[PDB]
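Protein chains in written order, with my numbering: chain A, 20 to 736; chain B, 20 to 736.
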Ligand code: HEM
Ligand code: HEM
């Protein structure tokens, strides 16, 4: 190999290929954001004229463009494939992917094989982004072009939510190890797909449309449809609703050989202006379009909503054939329905065709039972496509407070993890003071208060903005019984105590003030950090924002919440079994999911350790001789060159630090030691380990802790 | 080949390996900085008791630590090598390298081979940094330790300035193409060393202590030293003074086999806490230490400033031999000097030894008379050394206004590109605003105004902070006939039209207020920009700050301003020969040297296009029909899908954009089109191309233009 200029990719990653990459803790840095620091997209969208945006979109859908003429003179279908592919990268394991950041316009997703032709699809909406400017993000516009497409073609959607903030540097997500497009190195066992992935091959949204590995077997393809969709929050009924209702519109494109198709956008020459997949077949567009290489037209009304798709799937029998590019697809046997399917540009009619994956809705017994009922009762299909399409293009929006606009329905949806609305006067500065003191007298230790508070709030992840302390769910299933949160039972004693305090406060309160459990969980950790700063000779108040309310078990989807459990949390020195990488990489990934910077991550580790927040209260990293005191001792001792460190003899992932006498003074994990070893983190430890650093250490730790307690509080922003 | 998790370095560089890398425009992001936004290092280092610091560094130097015992009981020489290596990465071609950022504490410099065992040298200064905290940067400290060490051991230095701010992420710099340490792929012809490097192998500071490619030919090593040191801005006399000066102290370390020496710090295990090159030879430290493999001790006074080096070099005859690690070195003939050189731990005492690099001082012609002189005139050695060492260590610190502390001598130095201080008074606001008219009322157009301003300020590189507009040096050589600056065009006409009004404003005689040329070059472009903005319905005011003064040709080292000649500047669509990478890369690179953000680069290019700023006022990129109007036109037309780009049939590295009618309407270069092709740039373009964007673009343009005019103005901080 050869080392390159940094402007062409070079860097220290090339000299130490598996080195921690701290650039994950500064994604989308403000230096790259062209908008001012005072710019609030939510404020812009709140003033947008929806009825004008809609018409300008319908005006775009029905005005063909010579560089990509419109099938049946309507782009609606194409925009549905666009919105579905923007949302369709979402995966449940890490919450990443999805439409919430508009990431389909940047690499690598803009160049994914399955996003072929969507480069053109987005281009067609620039006239729309231009008329509306800073009031409309690309993220909102992309997904809204589909919801407008549906309504325009006969399907009344459930509603819509604006508020997706545009970004400027693509989020980096691990999409698989395969270095080859459409590669498959992601299965083991009996068809067990590698977590966190949610697609069968590198570059696909979900499944191969020619069946597994290209084997056009409907019954097997359905195993993949079932499972990739599951990993995208869709059950059997939602998946069938989605596939059916989607293919009620539009058509495939495979008019000619696929080896006539040029390089993907990110690899294209300059003169193409961001567009890729340029084809020398015929016009290279329109009647000669080559997208997937398949050539199917599911319905006889490609631009209206009706029950044609299932009528057709069930009213013919199907045999296997080749498209003009040689891809597998099915056709109606015995020349049935010849000439019955309309042409994208006026040519002769054609005869019905389906994909392998479409036959799976009839051949699979679960899906047969679902689709046959909709054949006989199509109105059930409308209701389920409404719900599933809503879920799909909103799944990563986070709490409802974040949904803006006049088309936002008012109904509770379990998959949003609802939280009740405030019912009483929120707790003021005088009651917050009283409660910090009541909690400090309750008998709960500093460690109990800070662990519970952290466990509740750190359940947030910024990929999809699920999780967090609002809801009160640390006392509901499944969070009460996550291994990290409750090794030996202390958690339910804390819960018990905090509920007595809330009850007695609420029955004595002045007037109509009431505190929720969810708030007292957070308030308690703020109360302990104050007490523990005082013990170190710092008088400081920890901020606190009331407003959380208490969700109920019935309002908490236990299985949906399953993906949020930490298999590893380095802030509590917790390392469960089965993580993809060593503990220090997981630490950074957890730091990334909490939207934390390296300085913020560094300060919270050191504080949490001396506060006793360690899982099982283990001594790993607890480099202090004070109890329940918020000092910067973690940083000072990490830098003590009078300690010698070796891997512990029991090969237990711990380290032994010996002082001059050869006696063991400290013990540590890989997560602790990486702060003294990694030359960027050690730099940060030298900041907080200096003699003049303890007041700054305390202030910056309070700020980082307050930032974690508020991660889901979009109700106050 | 396998894609990796981002946290482990994976990203879109893996799928398109030569793609354009924009993080180069957000090095040292703010969210990675642990110091506040309001952190003011200058205001901190001013508080420092400099005498106490010196005393503390002194106590470090004489207290051996057991994990790296001190040769001769004094870490002074180690600290000087440390300091020489921290500065000794500098190179004149890009002004990158040098001690200004303290980059030796980070990758890859912390792990370069020549920087061996300096990890322990930096580790020894932790008690000092700990004591002084935020009032003292590692950058200042590393360098200042070497200066203190000199004085400590008998050499009075010319002085020292503070003010090098610590950074928190490596600066990634091209250090060569070789993917092997000590590798060599940089030499073509006969000894021609690829620009813009300044060392003979990958991971070296200058040259190979065993002669070129290990050939201990002093005469041949002299060619490397000369060419190598000249690229770090040292001439024959400076260079001879540094080698003699440095090797007055200390020794080399090669006590046993180098394969007993473990991995370098960035590849070393966690438990080594940032250190590397751990060694199973004997104790692995001290008398058994191994750093380079050579075992030479130059002087009999290794902790004192003497002339013993040159009396040894000339008082003996040097024959070839080998250290205990297969290392080529030189030693006395005939068993001369037996026992005269003392051992660093009370050993028996040894014969004299030199490096091949050392013998270049006696074998080469030019070095031999520099040196033979000093053999009888150590007062001249001493004087040149302090002159050169001072420069070696402040080369990248920029304008002398930046030098902080009580140790800065006021003597002007020529390499500092000195600028006369504001003698008279400066123009107040009613004087500036009364003075723009008299530039507007000149045959000078925006094209000549706006451009010439740009050519002045754009002279600045952020790497070593040299160049810039202050100094009036555009009137002077070599910025006079810089092929970018004048295609033999209106520059003199604008120069003398401005001098004409310089002579004219000062001769007016209102009092003390005299006006500098330099200040008017800058002021021209400002008012021009104001006219353009009114030419487009914006009554605008472009900020302006007086203070520049005009230097003289006698105070302008011409050979030292050569390396500031842009072989490329995309911002005026210029591209000479020789550039190592395509146009778009050198656009990004030049914007990095300008300390510009990607939003800033974009708004700038867009504005300068529509102002004829372009080299030879060529039409490439000028996507507007107005002249000298300030619009976003460049962005709007860049996003015009009715335009069709293809390379120009003439293959000039240009393109044509036809409007469907087949007639070329726009033409452009790569630099122009990369903004409409690259997915991240086009995102920006689409902010400033939108309908509601015109005010913000002007607003953002003035701010970004202001930034470039004010780059070197450290004199107003
Ligand atoms: C197993 C599931 C699915 C498979 C295998 C699949 C595959 C495909 C393929 C291969 C194409 C056309 C590619 C080309 O143009 O060459 C397509 C088109 C399309 N897909 Fe699907 N898809 C699936 C699910 C969905 C879903 C969930 C939706 C939306 C809710 C959807 C909506 C559409 C639409 C509207 C088109 C028409 C595009 C146009 O008219 O230009 N598909 N699908
Ligand atoms: C052609 C130029 C130079 C070459 C090839 C060179 C080479 C070397 C080498 C190989 C070592 C051995 C380090 C070890 O094994 O411990 C060394 C040590 C040293 N160098 Fe140089 N050097 C050069 C210029 C300089 C300059 C310009 C200075 C200072 C102005 C300097 C100061 C020192 C000092 C003080 C040491 C001793 C450090 C100690 O005692 O640990 N050298 N040099």
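For every residue, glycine included, the Cβ atom is placed at its ideal position computed from N, Cα and C.
query, result
"Residues of the segment 130-161 of chain A whose Cβ lies closer than 7 Å to any Cβ of chain B, in chain order", "142, 145, 148, 149, 150, 152, 153"
"Within-8 Å CB hit, residue 726 of chain B to chain A", "no"
"Spatially closest choice to residue 538 of chain B from B:675, B:562, B:353, by CA coordinates", "B:562"
"DSSP-derived helix/strand/coil call for residue 473 of chain A", "helix"
"Three-pair Cβ contact test at 8 Å for the segment 195-207 of chain B versus the segment 107-114 of chain B", "no"
"Nearest-angstrom Cα separation, counted from residue 664 of chain B out to residue 291 of chain A", "7 Å"
"Residue 653 of chain A beta carbon less than 8 Å from that of residue 629 of chain A", "yes"
"Members of the segment 683-697 of chain A near chain B, C-beta cut-off 7 Å", "689, 692, 693, 695, 696"
"Beta-bridge pairing of residue 211 of chain A - partner residues as DSSP gives them", "A:207"
"Cβ contact (3+ pairs, closer than 8 Å) linking the segment 292-309 of chain A and the segment 270-284 of chain A", "yes"
"Cβ-heavy atom distance, residue 177 of chain A to ligand 1, below 7 Å", "no"
"Enclosing beta strand (DSSP E) for residue 675 of chain A [first to last residue]", "673-677"
"Proximity test, residue 374 of chain A beta-carbon vs ligand 1 heavy atom, cut-off 7 Å", "yes"
"For residue 328 of chain B, three-class secondary structure by DSSP", "helix"
"Nearest neighbour of residue 185 of chain B, chosen from B:681, B:683, B:514, B:158 [CA to CA]", "B:158"
"Residue 194 of chain B beta carbon near ligand 1 (any heavy atom closer than 7 Å)", "no"
"Residue 125 of chain A at chain B interface by Cβ criterion, 8 Å", "yes"
"Closer than 8 Å to chain A by CB, residue 557 of chain B", "no"
"Beta-carbon proximity of residue 648 of chain A to residue 527 of chain A, cut-off 8 Å", "no"
"Straight-line gap, residue 545 of chain A to residue 699 of chain A (C-alpha atoms, nearest Å)", "30 Å"
"Separation of residue 267 of chain B from residue 282 of chain B, as counted between CA atoms", "30 Å"
"Contact between the segment 496-509 of chain A and the segment 419-432 of chain A (3+ Cβ pairs under 8 Å)", "no"
"Nearest residue (CA-CA) to residue 662 of chain B, options B:681, B:247, B:392", "B:681"
"Per-residue contacts from residue 113 of chain B into chain A (C-beta, under 8 Å)", "Going along chain A, no residue has its Cβ under 8 Å from residue 113 of chain B, so there is no contact; the nearest lies around 11 Å."
"Per-residue burial, residue 61 of chain A [other beta carbons within 10 Å of its own, 16 or more giving buried]", "exposed"
"Spatial neighbours of residue 729 of chain A in its chain, beta-carbon cut-off 7 Å, leaving aside the 5 residues before and after", "564"
"Beta-carbon spacing of residue 161 of chain A, residue 123 of chain A below 8 Å", "yes"
"Below-8 Å beta-carbon distance, residue 633 of chain A vs any chain B residue", "no"
"Range of the contiguous beta strand (DSSP E) that encloses residue 347 of chain A", "347-351"
"For residue 666 of chain B, the first and last residue of its enclosing beta strand (DSSP E)", "663-666"
"Beta-ladder partner(s) of residue 21 of chain B, from DSSP", "A:197"
"Distance cut-off 7 Å: residue 100 of chain A Cβ against heavy atoms of ligand 1", "yes"
"Contact set between the segment 186-216 of chain B and chain A, restricted to residues whose Cβ is under 7 Å from the partner", "187, 188, 189, 191, 192, 193, 195, 196, 197, 198"
"Whole-angstrom C-beta distance between residue 224 of chain B and residue 169 of chain B, which should lie under 8 Å", "In fact, because the Cβ distance is near 18 Å, the residues do not count as touching under 8 Å."
"Bridge partners - residue 727 of chain A, DSSP secondary structure assignment", "For residue 727 of chain A, which the question treats as bridged, DSSP gives no partner whatsoever."
"Any 3 or more C-beta pairs closer than 8 Å across the segment 69-77 of chain B and the segment 631-648 of chain A", "no"
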